[PDB]
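Novice: enclosed are the sequence and the experimentally obtained structure.
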Amino acid sequence: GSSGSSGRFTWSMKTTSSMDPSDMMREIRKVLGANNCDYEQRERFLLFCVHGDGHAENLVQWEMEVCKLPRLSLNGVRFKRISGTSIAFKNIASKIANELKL
């Protein structure tokens with residue numbers, strides 16, 4: 001059939017914001033705090049997202065850093081899956097990447 005078992009760490013998305021990155025960090029926290037989520041100021045432009053949609057043992061934690069794209073000339077929000085399986089991760093991820101009113 002076909003060879004699978006392929007999956008390595010790498011940021012991938014299609015979210016593009018024309019607005020300055022300084023305004024993003026703001027809205028971001030707004031969306032998170034709204035989705036009964038928990039954010040933590042890690043880096044200068046990074047925040048630790050923590051949501052317990054499912055069970056406590058199956059908590060989801062992803063990072064949200066605002067950096068400039070290499071190929072594109074805009075600010076894109078990269079999401080790094082910290083804990084939880086892919087399913088769970090992509091679960092809430094589909095809420096932010098979208099909800100993000102940018």
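Specialist: Right, received. Where do you want to start? Residues are numbered from 1 along each chain as shown.
Novice: just the buried residues of the one helix or strand residue 90 maps to, please?
Specialist: Residue 90 is part of helix 86-99, with elements assigned from DSSP states H and E. Residues 88-89, 92-93, 96 are the ones in helix 86-99 that count as buried (16 or more other C-beta atoms under 10 Å). No exception for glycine: its C-beta is placed from N, CA and C like everyone else's.
Novice: which of those residues lies closest to residue 36?
Specialist: Closest to residue 36 out of the buried residues of helix 86-99 is residue 92 (10.7 Å), distances taken as C-beta to C-beta.
Novice: so who does that closest one touch?
Specialist: 35, 37, 49, 51, 53, 60, 62 (C-beta atoms under 8 Å, 6 or more residues apart in numbering).
Novice: who's the most centrally placed residue in the chain bridged to?
Specialist: Most central residue of the chain, judged by C-alpha distance to the mean C-alpha position with C-alpha atoms, centre = their mean, is residue 79 at 3.3 Å. As for beta bridges, residue 79 partners with residue 64 under DSSP bridges.
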